[PDB]
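*Asks:* As you go down the protein sequences, you meet chains C and B in turn. Residues 2 to 304, 309 to 381, 394 to 410, 423 to 496, 737 to 756 (PDB author numbering) make up the first sequence, in order. Residues 2 to 304, 309 to 381 (PDB author numbering) make up the second sequence, in order. All C-beta atoms in this analysis are idealised placements derived from N, C-alpha and C, irrespective of residue type, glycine included. The structure follows.
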Amino acid sequence: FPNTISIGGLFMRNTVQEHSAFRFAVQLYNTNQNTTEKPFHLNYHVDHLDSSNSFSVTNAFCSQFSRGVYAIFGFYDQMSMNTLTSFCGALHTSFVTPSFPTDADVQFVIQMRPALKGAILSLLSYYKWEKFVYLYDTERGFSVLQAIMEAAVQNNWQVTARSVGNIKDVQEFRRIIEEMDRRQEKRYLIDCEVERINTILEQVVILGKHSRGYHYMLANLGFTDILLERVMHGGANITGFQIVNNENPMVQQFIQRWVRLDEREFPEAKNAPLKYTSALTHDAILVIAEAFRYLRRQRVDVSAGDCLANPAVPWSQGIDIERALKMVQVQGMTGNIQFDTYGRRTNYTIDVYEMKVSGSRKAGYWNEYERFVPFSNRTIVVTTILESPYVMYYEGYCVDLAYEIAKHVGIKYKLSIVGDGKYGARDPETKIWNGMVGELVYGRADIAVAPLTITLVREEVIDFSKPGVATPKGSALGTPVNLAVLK
Amino acid sequence: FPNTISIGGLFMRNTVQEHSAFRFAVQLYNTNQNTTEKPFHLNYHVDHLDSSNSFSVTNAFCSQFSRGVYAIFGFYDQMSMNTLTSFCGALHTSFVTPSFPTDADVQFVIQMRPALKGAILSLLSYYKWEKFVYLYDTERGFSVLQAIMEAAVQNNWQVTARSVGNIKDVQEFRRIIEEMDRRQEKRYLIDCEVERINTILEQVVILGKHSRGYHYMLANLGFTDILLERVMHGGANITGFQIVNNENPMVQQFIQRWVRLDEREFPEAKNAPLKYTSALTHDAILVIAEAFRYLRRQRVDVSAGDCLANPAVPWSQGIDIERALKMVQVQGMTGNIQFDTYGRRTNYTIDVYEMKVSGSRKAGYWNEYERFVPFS
Numbered sequence: 002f003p004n005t006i007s008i009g010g011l012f013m014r015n016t017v018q019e020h021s022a023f024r025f026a027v028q029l030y031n032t033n034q035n036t037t038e039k040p041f042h043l044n045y046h047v048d049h050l051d052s053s054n055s056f057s058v059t060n061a062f063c064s065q066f067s068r069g070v071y072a073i074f075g076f077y078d079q080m081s082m083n084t085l086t087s088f089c090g091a092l093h094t095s096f097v098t099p100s101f102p103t104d105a106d107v108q109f110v111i112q113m114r115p116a117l118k119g120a121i122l123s124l125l126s127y128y129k130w131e132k133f134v135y136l137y138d139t140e141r142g143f144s145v146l147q148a149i150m151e152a153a154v155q156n157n158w159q160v161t162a163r164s165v166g167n168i169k170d171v172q173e174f175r176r177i178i179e180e181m182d183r184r185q186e187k188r189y190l191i192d193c194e195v196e197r198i199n200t201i202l203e204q205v206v207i208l209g210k211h212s213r214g215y216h217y218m219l220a221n222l223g224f225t226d227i228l229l230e231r232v233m234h235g236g237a238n239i240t241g242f243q244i245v246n247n248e249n250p251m252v253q254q255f256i257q258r259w260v261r262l263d264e265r266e267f268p269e270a271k272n273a274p275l276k277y278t279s280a281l282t283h284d285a286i287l288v289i290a291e292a293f294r295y296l297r298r299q300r301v302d303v304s309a310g311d312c313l314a315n316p317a318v319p320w321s322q323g324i325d326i327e328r329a330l331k332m333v334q335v336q337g338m339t340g341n342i343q344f345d346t347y348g349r350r351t352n353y354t355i356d357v358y359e360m361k362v363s364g365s366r367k368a369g370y371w372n373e374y375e376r377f378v379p380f381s394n395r396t397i398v399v400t401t402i403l404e405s406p407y408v409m410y423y424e425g426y427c428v429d430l431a432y433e434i435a436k437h438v439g440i441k442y443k444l445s446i447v448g449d450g451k452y453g454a455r456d457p458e459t460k461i462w463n464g465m466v467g468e469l470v471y472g473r474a475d476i477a478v479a480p481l482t483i484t485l486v487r488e489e490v491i492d493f494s495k496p737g738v739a740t741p742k743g744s745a746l747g748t749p750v751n752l753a754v755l756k
Numbered sequence: 002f003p004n005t006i007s008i009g010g011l012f013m014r015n016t017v018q019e020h021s022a023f024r025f026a027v028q029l030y031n032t033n034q035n036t037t038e039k040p041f042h043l044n045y046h047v048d049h050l051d052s053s054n055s056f057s058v059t060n061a062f063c064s065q066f067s068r069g070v071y072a073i074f075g076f077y078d079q080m081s082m083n084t085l086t087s088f089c090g091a092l093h094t095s096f097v098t099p100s101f102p103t104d105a106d107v108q109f110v111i112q113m114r115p116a117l118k119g120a121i122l123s124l125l126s127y128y129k130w131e132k133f134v135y136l137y138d139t140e141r142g143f144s145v146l147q148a149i150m151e152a153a154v155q156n157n158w159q160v161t162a163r164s165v166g167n168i169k170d171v172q173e174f175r176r177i178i179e180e181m182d183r184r185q186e187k188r189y190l191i192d193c194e195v196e197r198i199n200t201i202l203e204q205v206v207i208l209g210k211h212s213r214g215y216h217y218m219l220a221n222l223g224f225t226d227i228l229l230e231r232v233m234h235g236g237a238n239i240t241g242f243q244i245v246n247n248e249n250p251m252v253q254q255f256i257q258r259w260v261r262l263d264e265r266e267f268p269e270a271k272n273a274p275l276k277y278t279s280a281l282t283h284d285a286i287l288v289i290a291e292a293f294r295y296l297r298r299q300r301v302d303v304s309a310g311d312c313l314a315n316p317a318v319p320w321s322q323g324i325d326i327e328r329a330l331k332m333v334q335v336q337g338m339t340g341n342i343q344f345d346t347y348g349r350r351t352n353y354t355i356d357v358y359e360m361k362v363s364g365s366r367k368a369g370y371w372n373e374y375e376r377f378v379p380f381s
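Written out as structure tokens, the structure reads:
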């Protein structure tokens with residue numbers, strides 16, 4: 002068995018705290034005095050790669066491979082995931098990563114990040130969500146999206162799915178929020194990156210939808226990195242998922258020893274909140290150390310060419326190292342760590358937090374076997402037209430009719446005069462309705478108590494009561750308004 | 002100058018007819034008896050990619066690079082474009098591709114699928130499309146989506162965009178169509194693949210939303226590969242784009258010599274409709290031949310290691326080959342062929358077809374300088 006074991010490290014951009022955690026964990030493993038805990042020295046060959054250039058990624062991976070490594074700890078993005086995964090699976094080199102788990106079943110990859118699909122489904126079942134929105138981007142895989150769609154089909158849910166990964170203008174976010182609010186959707190499920198979640202939440206705050214009655218389920222293990230002070234001040238319900246529990250004594254020790262690090266040699270240390278990815282990196286170091294100690298104990302011989314060989318010769322010892330890595334049983338900052346045959350984590354203990362007015366609170370926890378266990394009248398827009406004797410400065426015949434109708438039906442109504450001041454007609458060129466007909470067809474109003482003449486063209490886009738009151742087609746107010754008009 | 006020019010071929014899955022067209026065009030160039038037309042013998046080395054294992058793609062590209070190739074004709078998709086483009090740019094190896102043009106500006110890649118942004122925008126402005134649906138997928142890049150959104154912001158349109166790339170259940174298509182119909186959306190822009198376009202058209206036919214009052218603009222070259230008879234009987238307006246003019250004498254001669262080929266030697270050539278990708282492959286052979294003939298004429302010397314050498318030193322003659330490939334002005338099956346500094350088509354004409362009940366009719370043509378010119 003070698004006296005010193007070297008591993009490769011692959012870090013992307015915007016990844017500085019994780020690098021510090023990696024180096025600090027290696028230093029901690031080396032510094033251990035007990036020979037049993039540290040039977041061999043550990044070395045790293047950290048390198049930085051740009052996922053936007055596959056050539057550079059291949060060169061970095063091949064430098065790591067040629068220099069001689071036993072395992073590679075690295076990050077991959079949706080762009081560079083394929084290259085690293087395929088090369089690692091082809092050359093028989095285990096790849097420990099804390100990034101998003103791969104959708105497909107691939108060997109020689111150990112993913113430190115637990116999957117959120119089961120927890121999300123369990124929370125949706127617990128909260129009894131039968132109809133909601135799902136704003137998603139495909140930067141962490143399609144597993145969650147496919148699971149949500151399959152569950153909705155099976156359970157006959159009403160999920161409004163929207164891909165927000167390609168949106169670069171916040172006005173589109175505002176339009177989406179307004180359109181979905183007009184449909185009376187109180188429940189959102191945001192499965193996006195931290196910055197995208199922040200943008201969506203801030204657009205919500207400006208739109209003023211953070212009041213009571215709104216529930217936001219942030220499907221991201223970045224609850225600490227999400228800015229929601231405004232939203233908690235609003236009073237809306239927020240549900241989040243986390244894996245690093247501050248009450249764990251190991252986490253407390255790691256944090257207390259992590260703060261005293263100088264910001265020069267360990268940048269970002271003791272400056273910003275500890276990202277969960279850093280905990281995953283520390284746990285990855287622990288997993289590698291335990292696996293290699295197990296390999297040494299069992300007296301397994303371990304001991309490099311080029312990536313591009315037509316007769317690709319895999320390591321005879323690669324399978325042994327992969328098996329040793331995947332059979333590990335350790336306790337780390339993220340709890341129990343166990344991997345199945347495909348390198349995915351098992352025995353999750355995801356902490357489910359329910360944000361309260363005072364602050365964040367632990368709602369409960371989710372495990373693979375115990376499932377989830379807890380720790381415990395809108396104003397209706399009435400579009401009208403300014404025309405005597407129907408509407409005057423409001424008072425008039427139509428105002429009285431609207432008051433009577435809103436009395437016969439149980440509703441609260443707010444009048445609004447159409448900005449363009451037109452009754453309505455289809456433009457022959459652009460096929461765009463205007464006036465109150467346009468307001469009703471496009472959902473900007475719920476009812477039009479105005480002298481709208483009943484016509485064949487209009488009857489095909491909206492529903493008229495008896496001699737008439739107009740409503741958008743398919744609305745729930747059609748029959749009540751008709752009956753009120755009768756009486 | 003070498004007496005024999007060798008090129009590489011990288012053909013992904015479902016690329017049989019393009020392979021046959023590649024071989025046939027190379028044979029046609031070689032069989033020419035004119036001394037000036039064929040000053041060298043053209044050889045090709047064909048490999049088939051998997052496109053789903055980056056290791057396989059890199060292995061194939063490195064085999065091609067090592068065996069010795071002056072140019073590489075190939076295909077790529079969104080899941081293998083980055084690898085081939087990066088390797089070709091780094092090693093100064095020209096990559097002639099009929100695939101979708103890259104969103105970003107990259108070097109050492111000659112793309113000859115004309116961009117549809119200008120034609121689509123011109124048609125939208127000409128038809129007064131100030132409110133329409135936009136069903137798109139990202140299998141050919143985000144260029145069209147970005148152009149449409151910028152145009153909507155600038156012109157105050159009311160585009161309703163929907164990414165149908167990740168939809169695998171037709172019920173989602175039906176729900177989307179029903180929702181847009183409840184909002185009185187009569188005009189659609191479907192920038193999707195041929196299979197997804199066919200699925201969407203099947204859904205609209207099932208829902209009956211193909212009457213005389215609906216207009217569908219299929220923003221995808223390959224108008225002949227889309228099943229439109231069912232929607233044709235409905236009477237809805239359908240607009241499509243093409244780059245191969247069937248009445249072109251060169252296309253006529255190629256078809257005449259192309260339908261009388263052995264089905265064993267040239268599979269898919271007979272009893273199948275020519276794809277625009279095959280025409281682009283033939284035009285790519287024309288471009289390569291013209292570029293190397295020009296290089297020979299100017300007495301430019303052109304004449309290889311491994312992919313991953315640190316530092317990777319590009320070979321000095323790659324600049325000259327790329328420059329000679331990008332300065333060609335040749336008339337092929339897809340009309341005029343010229344390239345700008347970034348290896349994209351210029352001075353290209355896109356035929357706009359409005360399909361009627363009687364049959365498809367060439368409504369007009371679009372050019373960069375002269376915009377949409379209807380025939381009336």
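Rank C:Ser279, C:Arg487, C:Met150, C:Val107 by C-alpha distance to the C-alpha of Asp226 of chain C and give the top, closest one.
*Replies:* Taking the first residue of the first sequence as position 1, residue 226 of chain C is located at position 225. Of the candidates C:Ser279, C:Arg487, C:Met150, C:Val107, the one whose C-alpha sits nearest the C-alpha of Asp226 of chain C is C:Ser279.
*Asks:* Between the C-alpha atoms of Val378 of chain B and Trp371 of chain B, what's the straight-line distance to the nearest angstrom?
*Replies:* Numbered from 1 along the second sequence, position 373 holds the residue referred to as residue 378 of chain B. Numbered from 1 along the second sequence, position 366 holds the residue referred to as residue 371 of chain B. The straight-line gap from Cα to Cα measures roughly 6 angstroms.
*Asks:* Can you give, in chain order, each stretch of the alpha helix (DSSP H) that sits fully within the region 166-236 of chain B and has at least 4 residues?
*Replies:* Fully enclosed alpha helix (DSSP H) runs of 4 or longer: 171-183, 195-208, 230-235.
*Asks:* Residues of the region 76-88 of chain C in Cβ contact with chain B at a cutoff of 7 angstroms, in chain order, please.
*Replies:* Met80, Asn83, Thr84, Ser87, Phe88
*Asks:* How far does the beta strand (DSSP E) with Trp259 of chain B in it reach, from first residue to last?
*Replies:* Along the second sequence, one-based indexing puts residue 259 of chain B at 258. For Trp259 of chain B, no beta strand (DSSP E) encloses it; the enclosing alpha helix (DSSP H) starts and ends at 250-259.
*Asks:* Are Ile8 of chain C and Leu330 of chain C closer than 7 angstroms when you measure CB to CB?
*Replies:* The sequence position of residue 8 of chain C within the first sequence is 7, counting from 1. The sequence position of residue 330 of chain C within the first sequence is 325, counting from 1. It is not a contact, given that the beta carbons lie outside the stated cut-off.
*Asks:* Taking the beta strand (DSSP E) that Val357 of chain C belongs to, which residues open and close that run?
*Replies:* Counting from one through the first sequence, the residue named residue 357 of chain C turns up at place 352. Counting along the chain, the beta strand (DSSP E) containing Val357 of chain C begins and ends at 354-360.
*Asks:* What does DSSP give as the partner residues of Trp462 of chain C in its beta bridges?
*Replies:* Within the first sequence, numbered from 1, the residue matching residue 462 of chain C stands at position 433. In DSSP, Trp462 of chain C forms a bridge with C:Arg455.
*Asks:* Please report whether the beta-carbon of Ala91 of chain B lies at a distance below 7 angstroms from any beta-carbon of chain C.
*Replies:* Counting from 1 along the second sequence, the entry for residue 91 of chain B is found at position 90. It does: the Cβ of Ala91 of chain B has a partner Cβ on chain C nearer than 7 angstroms.
*Asks:* State the DSSP-derived secondary structure class of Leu117 of chain B, mapped to helix, strand or coil.
*Replies:* Counting from one through the second sequence, the residue named residue 117 of chain B turns up at place 116. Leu117 of chain B falls in the coil class under three-state DSSP.
*Asks:* Report yes or no: is there a C-beta of chain C within less than 7 angstroms of the C-beta of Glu131 of chain B?
*Replies:* On the second sequence, position 130 is the one that residue 131 of chain B refers to. So, interface residue.
*Asks:* Could you please tell me which residues of the region 464-494 of chain C, in chain order, have their CB closer than 8 angstroms to any CB of chain B?
*Replies:* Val470, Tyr471, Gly472, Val490
*Asks:* Could you check where the alpha helix (DSSP H) with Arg328 of chain C kicks off and where it finishes?
*Replies:* Here residue 328 of chain C is taken as the residue at index 323 of the first sequence, counted from 1. Residues 323-331.
*Asks:* Is the region 43-63 of chain C in contact with the region 294-301 of chain C, if contact means three or more CB pairs nearer than 8 angstroms?
*Replies:* No, the region 43-63 of chain C is not in contact with the region 294-301 of chain C.
*Asks:* Skipping 5 residues on each side, what residues in its chain have a beta carbon closer than 6 angstroms to that of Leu202 of chain B?
*Replies:* Your numbering for residue 202 of chain B matches position 201 in the second sequence. Contacts found: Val232.
*Asks:* According to the neighbour-count rule (16 or more other Cβ atoms, all chains shown, within 10 Å of its Cβ), is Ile483 of chain C buried or exposed?
*Replies:* Translated into the one-based positions of the first sequence, residue 483 of chain C becomes position 454. With fewer than 16 Cβ atoms within 10 Å of its Cβ, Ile483 of chain C is classed as exposed.
*Asks:* Please list, in chain order, all residues of the same chain as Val70 of chain B whose beta carbon is under 7 angstroms from its beta carbon, the five residues on each side excluded.
*Replies:* By 1-based counting over the second sequence, the position of residue 70 of chain B is 69. Cβ within range, chain order: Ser7, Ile8, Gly9, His46.
*Asks:* With distances taken between CB atoms, is the gap from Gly241 of chain C to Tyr137 of chain C smaller than 7 angstroms?
*Replies:* If you number the first sequence from 1, residue 241 of chain C lands on position 240. If you number the first sequence from 1, residue 137 of chain C lands on position 136. No, these two residues do not count as a Cβ contact at 7 angstroms.
*Asks:* Should the region 193-201 of chain B be regarded as contacting the region 130-150 of chain B, the criterion being three or more beta carbon pairs within less than 8 angstroms?
*Replies:* yes
*Asks:* Any chance you could list the beta strand (DSSP E) runs of at least 3 consecutive residues sitting entirely within the region 6-67 of chain B, in chain order?
*Replies:* 42-49
*Asks:* Would you check if there are 3 or more beta carbon pairs closer than 8 angstroms linking the region 201-220 of chain B to the region 102-109 of chain B?
*Replies:* no
*Asks:* Go through the region 77-145 of chain B residue by residue and report every complete run of the beta strand (DSSP E) that reaches 3 residues or more, in order.
*Replies:* 95-98, 110-112, 134-137
*Asks:* Alpha carbon to alpha carbon, how far is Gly364 of chain B from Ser53 of chain C?
*Replies:* For this step, residue 364 of chain B is matched to residue 359 along the second sequence. For this step, residue 53 of chain C is matched to residue 52 along the first sequence. Computed Cα separation, rounded: 46 angstroms.
*Asks:* Run down chain C in chain order and give the residues with a C-beta less than 9 angstroms from the C-beta of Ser164 of chain B.
*Replies:* Along the second sequence, one-based indexing puts residue 164 of chain B at 163. Per Cβ cutoff of 9 angstroms: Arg163, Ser164, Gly166, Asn167.
*Asks:* State yes or no: is the beta carbon of residue 703 of chain C nearer than 7 angstroms to at least one beta carbon in chain B?
*Replies:* Because chain C is numbered 496 and then 737 with no intervening positions, residue 703 of chain C cannot be located in this model.
*Asks:* Say whether the region 73-92 of chain B touches the region 119-128 of chain B, bearing in mind that this needs 3 or more beta-carbon pairs closer than 8 angstroms, one atom from each stretch.
*Replies:* Taking 8 angstroms as the limit for Cβ pairs, the verdict is that the region 119-128 of chain B does not touch the region 73-92 of chain B.
*Asks:* With a CB to CB cut of under 7 angstroms and the five nearest residues on each side skipped, what residues in its chain are close to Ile168 of chain C?
*Replies:* Taking the first residue of the first sequence as position 1, residue 168 of chain C is located at position 167. Closer than 7 angstroms at the Cβ level, and outside the excluded window around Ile168 of chain C, lie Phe174.
*Asks:* Would you mind working out which of C:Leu262, C:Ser67, C:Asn751, C:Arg176 sits nearest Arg473 of chain C, comparing C-alpha positions?
*Replies:* Indexing the first sequence from 1 puts residue 473 of chain C at position 444. Residue C:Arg176 is the option with its Cα nearest to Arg473 of chain C.
*Asks:* Could you check whether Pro102 of chain B and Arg328 of chain B sit closer than 7 angstroms to each other, using their CB atoms as the reference points?
*Replies:* Your numbering for residue 328 of chain B matches position 323 in the second sequence. Your numbering for residue 102 of chain B matches position 101 in the second sequence. Not in contact: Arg328 of chain B and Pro102 of chain B (Cβ atoms no closer than 7 angstroms).
*Asks:* With three or more beta-carbon pairs closer than 8 angstroms as the criterion, would you say the region 270-287 of chain B touches the region 244-261 of chain B?
*Replies:* yes
*Asks:* Which of the three DSSP states, helix, strand or coil, is assigned to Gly75 of chain B?
*Replies:* Against the second sequence, residue 75 of chain B aligns to sequence position 74. Residue state, collapsed to three classes: strand.
*Asks:* Go through its chain and collect everything with a Cβ distance to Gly142 of chain C's Cβ below 6 angstroms, but skip five positions before and after it.
*Replies:* Taking the first residue of the first sequence as 1, we reach residue 142 of chain C at position 141. Only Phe101, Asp104 meet the Cβ criterion.
*Asks:* Mind listing the chain B neighbours of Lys742 of chain C? Cutoff is C-beta to C-beta under 9 angstroms, in chain order.
*Replies:* Walking along the first sequence from the start, residue 742 of chain C turns up at place 473. Chain B residues near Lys742 of chain C: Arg183.
*Asks:* Could you tell me how far apart the beta carbons of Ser95 of chain B and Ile324 of chain B are, in whole angstroms, since I believe they sit closer than 8 angstroms?
*Replies:* Along the second sequence, one-based indexing puts residue 95 of chain B at 94. Along the second sequence, one-based indexing puts residue 324 of chain B at 319. That belief does not hold up - the Cβ atoms of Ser95 of chain B and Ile324 of chain B are roughly 10 angstroms apart, past 8 angstroms.
*Asks:* Would the beta-carbon of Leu50 of chain B fall within 7 angstroms of that of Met82 of chain B?
*Replies:* Position 49 of the second sequence, counted from the start, is the residue given in the question as residue 50 of chain B. Position 81 of the second sequence, counted from the start, is the residue given in the question as residue 82 of chain B. The answer is no: Cβ separation not under 7 angstroms.
*Asks:* What does the alpha-carbon distance come out to for the pair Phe23 of chain B and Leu43 of chain B?
*Replies:* Indexing the second sequence from 1 puts residue 23 of chain B at position 22. Indexing the second sequence from 1 puts residue 43 of chain B at position 42. The straight-line gap from Cα to Cα measures roughly 12 angstroms.
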